[PDB]
Amino acid sequence: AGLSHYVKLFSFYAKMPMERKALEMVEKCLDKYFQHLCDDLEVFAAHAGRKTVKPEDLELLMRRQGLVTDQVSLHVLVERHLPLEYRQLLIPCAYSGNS
Amino acid sequence: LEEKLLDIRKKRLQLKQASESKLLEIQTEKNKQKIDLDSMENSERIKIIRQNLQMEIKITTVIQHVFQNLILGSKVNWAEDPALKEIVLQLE
Amino acid sequence: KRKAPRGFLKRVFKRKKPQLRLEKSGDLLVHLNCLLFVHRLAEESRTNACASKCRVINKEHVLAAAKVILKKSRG
Amino acid sequence: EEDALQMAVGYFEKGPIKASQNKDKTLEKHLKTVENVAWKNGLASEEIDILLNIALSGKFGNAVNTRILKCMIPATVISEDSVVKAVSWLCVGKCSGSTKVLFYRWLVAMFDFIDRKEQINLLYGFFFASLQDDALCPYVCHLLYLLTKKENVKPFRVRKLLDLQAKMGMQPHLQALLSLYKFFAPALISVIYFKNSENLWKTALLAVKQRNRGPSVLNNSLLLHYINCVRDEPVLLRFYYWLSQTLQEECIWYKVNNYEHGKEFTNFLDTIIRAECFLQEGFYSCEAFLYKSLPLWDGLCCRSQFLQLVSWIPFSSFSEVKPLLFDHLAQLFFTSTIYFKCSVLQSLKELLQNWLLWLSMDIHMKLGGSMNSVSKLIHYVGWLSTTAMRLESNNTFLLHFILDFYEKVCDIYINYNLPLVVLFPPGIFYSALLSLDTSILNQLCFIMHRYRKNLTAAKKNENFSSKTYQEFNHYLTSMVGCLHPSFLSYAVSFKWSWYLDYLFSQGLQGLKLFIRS
Amino acid sequence: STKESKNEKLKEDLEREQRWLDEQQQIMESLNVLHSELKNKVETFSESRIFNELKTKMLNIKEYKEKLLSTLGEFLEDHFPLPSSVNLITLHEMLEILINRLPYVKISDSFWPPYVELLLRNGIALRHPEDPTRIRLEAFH
């Protein structure tokens, strides 16, 4: 499903041939990534006091990976990777009705 | 059939040499326009206005392309407006 | 490939944790989380494959890649 | 009703669906049944384009249910795409991504029907900036492929497409857009194709088309005319150089396969010959290649193609072209069968016609040293064709082609205006007169009649005067006194006038023409 | 069998030569009328008159620019600044001035981030590929 789409992304993100048994290991690597993202998100939101998780709870976890910085803000990374309609909903544009 | 073919070939050769003469006249007339171009290469006041055209259309090809991207992104209601209608559909 | 899945990401979030309320576009942001995760994994796998000088990515490179990427990408 | 029904739908659009007393679908389904008969008039298509997608009911099923069959009856007009450019406006309503995909699919599929494609082409950037969307990219790329012009290839668009290629994956739609932008001003270099998912809509588009019906230069004929009209240097020197390097590389290609390469080189020589026949002068790279490749040439290797390039040769002096070419089309002529002797006497028959065409214009365009060259060509072929009947024992199939050559030698003065009436060698005229089949006898008789006509015409406007007339009277007294086993056979098949009429009705046209003298 | 082939290639070549003669007559009349037209149509061009046409282009392009910029003043009131953070018009024109003579900075991260991410999505401006705290107006030239 989502992991299968993600290894399809791995094909064009590694840009170099892979093996099927290796992508089945990338399956468990993605599951192992999420087994940390879901309980890191829970604690980052719990300190925030919200049982829900909001976007700013996730830019902080981004800072925890460190790939978001003072030079590369949260709104920068959405620009480089997500498509146009997939980026419209996160960063506020301006129509006097900023999202 | 061979007589008609010979007649057609003679007509075609006449209209080929005639066309080469006409096209050579047109090309030497283009060469005559080339000294009119040399009448531009004097560059006492053609050069300055040509450079102004190049340095002002490059501003008119920027503000134009920030209208194809500003009558697009915002809450534009682009063509449902008589005003922007003549300013959208911007001439190149 | 220009894709991003709405549904499977939310299903994975619900399966791993039954108590969360991922917001209207928070699915989008966790998908960006994994986008940058897989980007880091791809680039550092290129790096450690160059360390082993192997022209094709293999199990041993990505196994070492896991213990680094999923450890720094951890909060 | 179709207009009234969509105003009724608009009435549903001014109010909530719950507050409405009737279904929003059923009326649109009646409209769909109408579309099954007649989809949308230009004003009707305009209206159903502009309102049903902006903000109102326009359900992502109901809007698509129309958009599948919303195509135009006559065509799409400017006002259709105007207010729906405010549907690509892509905001609080946005005509959401599934109907947006369907919208760009419709814009690709019905792009064949716009009154002014120039207006939409001036809307290039509006669709180009929508290409950033991943869902719209595979269809916006096709739309821009059909929308593109040179004024829309600004370098910022080129770098935006390159940024899209780098950010996204290698895609056939982006590849098609990039190759097209390289076809235009080359700010980028790159080396599927009108592949649409509109095939399901194409059946509907097929019905729409039926309803509309009911209501470097060789392979370019349109540009070959330009080079036909310029005997310039930078055009016939680039052509000389490509043609020579293609008649060399593809001829060296013979020396490795010689079997399947003899069908592309042969089909390339055929295009060469066709281009020369159209342009009517022998390419300067085709005699330069013939002079190089004639000594090496055998009899049958591209025989019909090499002996059609010989026909298209620039008119040169015989003392400078015979040793180079005619000394190898005689070394091969005398050593090959009748099917190469006839294929050279046919080759040189067309060569004579081509040398006479360009000499008639040398009279039209204001001689004696070029005169002696066609005369020498005729005398040399008459030397080829008088010993060819010696090698082949006066073969009638070969004599037919020999007199086919002189079929174009008698009719020089009347036809090409050149004072070059040149008679037979005795060994050809007398062996055609003493032939055994009527089909070459009457050909010789027709050629004699044409010689009569041309000599009489040359007596009018004025060596061609003394020795030619002496030898022609020699031939005349020999034939008119003899005018015979072929005629014996014709008589066996059967009052001198009755016999002549029987001969004349049996296709004896040349004999009748010469007897009428 | 060979005079029937000669007659076949004679009829086919007759049709082909008739087509070629038709296309030759067409480009004969077209070339003659083009020579007649271009005679004393573009040849009657003075250098002074040529520069006057460039001055007419100067005024036409300047009025087109003052049309586009007048609309940039009018329509962008639909945009309007609300509540420094700089007005969208002013920060956009400070983008334009910077790219006008060049820069890759152009705003040095002008404020009101909805406004900078307004003119970034549509292709108006671009981020710097290395240090994304600095902006460039897409180099529309």
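All residue numbers are counted from 1 along each chain's written sequence and may depart from the entry's numbering; residues that have no coordinates are not represented. Lettering for chains starts from A, numbering for ligands starts from 1, and both go in the order in which the items are written. What you see is a piece of a larger assembly; the numbers all apply to this piece alone. Side-chain metrics rest on all non-hydrogen atoms present in the structure, leaving aside hydrogens and water. Residues with missing side-chain atoms are left out of burial classes, side-chain pairs and their counts.

This entry lists cryo-EM as its structure determination method and reports a resolution of 3.29 Å.

A. Spatial organisation of the overall build of chain A. Per the secondary structure count, chain A includes 5 helices and 0 strands. The reference for a compact globule is 2.2 Å times residues^0.38; the radius of gyration itself is calculated from the C-alpha atoms. Relative to the globule expectation of 13 Å for 99 residues, the C-alpha radius of gyration of chain A, 16 Å, shows a markedly less compact shape. For chain A, the C-alpha atoms occupy an extent of roughly 50 × 30 × 25 Å along the three principal directions. When the 99 residues of chain A are sorted by exposure, 48% land in the buried category. By definition in these notes, contact holds between two residues if any of their heavy atoms fall within 4.5 Å. The contacts of chain A with a sequence gap of at least 6 include a subset with a gap of at least 24, amounting to 16%. Charge counting follows a simple rule: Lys and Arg are positive, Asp and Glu are negative, and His as well as the terminal groups are ignored. Here the site of a charge means NZ on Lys, CZ on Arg, CG on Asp, or CD on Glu. Side chains of chain A give 13 positive and 13 negative charges; the mean places of these two sets differ by 4 Å. We count a stretch as a helix when DSSP gives it H or I for four or more residues in a row; a strand needs E for two or more, and each element gets its number in order from the N terminus. Think of it in three bands: with a 1.4 Å probe and only protein chains considered, a residue is buried below 20% of the maximum accessible area for its type, exposed above 50%, and partly exposed in between.

B. Examining the overall build of chain D more closely. A tally of helices and strands in chain D yields 28 helices and 0 strands. In summary, chain D has a C-alpha radius of gyration of 37 Å against a globular reference of 24 Å for 517 residues, an excess of more than 25%. Dimensions of chain D along its principal axes, counting C-alpha atoms only, are 115 × 60 × 45 Å.

C. Main features of helix 16 (residues 284-293) of chain D. Buried residues dominate helix 16 of chain D, accounting for 8 of its 10 residues. Against the buried residues of helix 16 of chain D lie helix 14 (233-252), helix 15 (264-279), helix 17 (303-309) and helix 18 (318-326) of chain D.

D. How the structure looks around the pattern of salt bridges. A carboxyl oxygen of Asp or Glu within 4 Å of a side-chain nitrogen of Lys or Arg is what we treat as a salt bridge. Overall, the coordinates contain 28 salt bridges over all chains when judged by the stated rule. The salt bridge involving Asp327 of chain D is made with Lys322 of chain D; its shortest N-O contact spans 3.8 Å. Here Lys322 of chain D falls in the partly exposed class, since its relative accessible area comes to 25%. One salt bridge connects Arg16 of chain E with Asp13 of chain E, and the closest N-O pair in it is separated by 3.8 Å. With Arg16 of chain E and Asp13 of chain E both in helix 1 (residues 2-38) and 3 residues apart, this pair spans about one turn of that helix. Classification of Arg16 of chain E by relative accessible area gives buried; the value is 17%. Within this structure, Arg9 and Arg12 of chain B together with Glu12, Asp13, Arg16 and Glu17 of chain E form a network of salt bridges that share partners.

E. Focus on helix 26 (residues 485-493) of chain D. Residues and elements named next belong to chain D. Buried within helix 26 we find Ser486, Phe487 and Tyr490. Across the axial projection of helix 26, the buried residues extend over an arc of 95°, all falling on one side. Exposed side of helix 26, more than 90 degrees from the buried face: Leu488 and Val492 are the residues found there. Check the buried side of helix 26 and you find it contacts helix 24 (438-461), helix 27 (496-505) and helix 28 (509-515). Directions drawn from the helix axis to the C-beta atoms are what define this arc.

F. Structural detail: the packing of helix 14 of chain D against helix 15 of chain D. All names here are of chain D. Interaxial angles span 0 to 180 degrees and are taken between N-to-C directions of axes, which are lines fitted to C-alpha atoms, for helices over the stretch in contact. Where helix 14 contacts helix 15, the axes come no closer than 10 Å and their chain directions differ by 155°. The orientation of helix 14 relative to helix 15 falls into the category roughly antiparallel. Every pair of crossing elements has a handedness; the one defined by helix 14 and helix 15 is left-handed. Contacts between helix 14 and helix 15 involve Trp242, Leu243, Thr246, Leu247, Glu250 and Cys251 on the former and, on the latter, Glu264, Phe265, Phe268, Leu269 and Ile272. The labels follow the angle: roughly parallel below 35 degrees, roughly antiparallel above 145, roughly perpendicular from 65 to 115, and oblique for the rest. The sense of a crossing depends on the near helix, which, turned anticlockwise from the far helix by less than a right angle, makes the crossing left-handed and, turned clockwise, makes it right-handed.

G. Just the interface of chain C and chain A, in detail. Taken together, the contact between chain C and chain A spans 50 residues of the former and 49 residues of the latter. Among the elements of the structure, helix 1 (7-16), helix 2 (26-52) and helix 3 (59-72) of chain C are those that each provide at least two residues to the side of chain C that touches chain A. No other element matches the 18 residues that helix 2 of chain C contributes to the side of chain C that touches chain A.

H. Seen up close, the interface of chain D and chain E. On the chain E side, the residues contacting the 18 residues of chain D number 19 residues. Of all the elements in the fold, those that place two or more residues in the side of chain D that touches chain E are helix 10 (155-167), helix 13 (221-228), helix 15 and helix 21 (396-406) of chain D. Looking at the side of chain D that touches chain E residue by residue, the classes come out as 8 nonpolar, 6 polar and 4 charged. Amino acids are sorted into nonpolar (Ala, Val, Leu, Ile, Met, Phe, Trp, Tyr, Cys and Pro), charged (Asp, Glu, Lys and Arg) and polar (every other residue, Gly among them).

I. Spatial organisation of the arrangement of the chains. The structure contains 8 pairs of chains in contact, of which chains A and C account for the largest number of contacts. Contact between chain C and chain E is absent, and the least distance between their C-alpha atoms amounts to 16 Å.

J. Looking closely at the state of the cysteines. Residue and element names in this part refer to chain D. Counting rule for disulfides: a pair of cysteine sulfur atoms within 2.5 Å. Per the counting criterion, the structure on display carries 0 disulfides over all chains. Left without a disulfide partner, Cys277 is nearest to the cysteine sulfur of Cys286, which lies 13 Å away. Among the residues examined, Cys277 registers a relative accessible area of 7% and is labelled buried.

K. Quick look at the environment of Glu117 of chain E. Looking at the secondary structure, you find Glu117 of chain E in the loop between helix 5 (113-116) and strand 1 (126-127). Given the relative accessible area of 2%, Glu117 of chain E is considered buried. The spatial distance from the C-alpha of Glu117 of chain E to the C-alpha of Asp131 of chain E is 16 Å, given a sequence separation of 14 residues. The contacts of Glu117 of chain E, once residues within four sequence positions are left out, are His75, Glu79, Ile91, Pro92 and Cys93 of chain A together with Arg127 of chain E. Polar side-chain contacts of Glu117 of chain E include one of 2.8 Å to the side chain of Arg127 of chain E. We define a polar contact as two N or O atoms separated by no more than 3.5 Å, with the added condition that, inside protein, one atom must be a possible hydrogen donor and the other a possible acceptor, whereas residues neighbouring each other in sequence contribute only through side-chain atom pairs.

L. Quick peek at the nonpolar core. Formed by 108 residues in total, the largest nonpolar core has its most connected members in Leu348, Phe424 and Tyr451 of chain D. If one sorts the elements of this core by residue count, helix 19 (residues 338-364) of chain D sits on top with 14 residues. Sequence-distant contacts of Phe424 of chain D, defined by excluding residues within four places in its chain, comprise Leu403, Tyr406, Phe429, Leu444, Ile447, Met448, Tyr451 and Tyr475 of chain D. In this structure, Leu84 of chain B, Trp106 and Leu178 of chain D together with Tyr64 of chain E belong to the second largest nonpolar core, which totals 92 residues. Residues belong to a common nonpolar core when they are buried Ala, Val, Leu, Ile, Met, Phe, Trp, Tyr or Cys residues joined through side-chain atoms within 4.5 Å.

M. Structural context of the packing of aromatic side chains. Residues and elements named next belong to chain D. Geometry of aromatic contacts follows a simple scheme: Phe, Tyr and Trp rings, the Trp one being its six-membered ring, pair when their centres are within 6.5 Å, and the pair is stacked under 30 degrees between planes, edge-to-face over 60, tilted otherwise. Tallied over the entire structure, the rule returns 38 aromatic pairs over all chains. Judged by centre distance (5.4 Å) and plane angle (25°), the rings of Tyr240 and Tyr241 are stacked. By way of ring pairs, the aromatic residues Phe239, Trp242, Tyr254, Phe265, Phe268, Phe283, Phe289, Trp297, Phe306 and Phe340 are connected into one cluster. Looking at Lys85, its charged tip hangs above the ring of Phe126, at a distance of 5.2 Å from the centre. Criterion for a charge above a ring: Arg CZ or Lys NZ at most 6 Å from the ring centre, at most 35 degrees from the ring normal.

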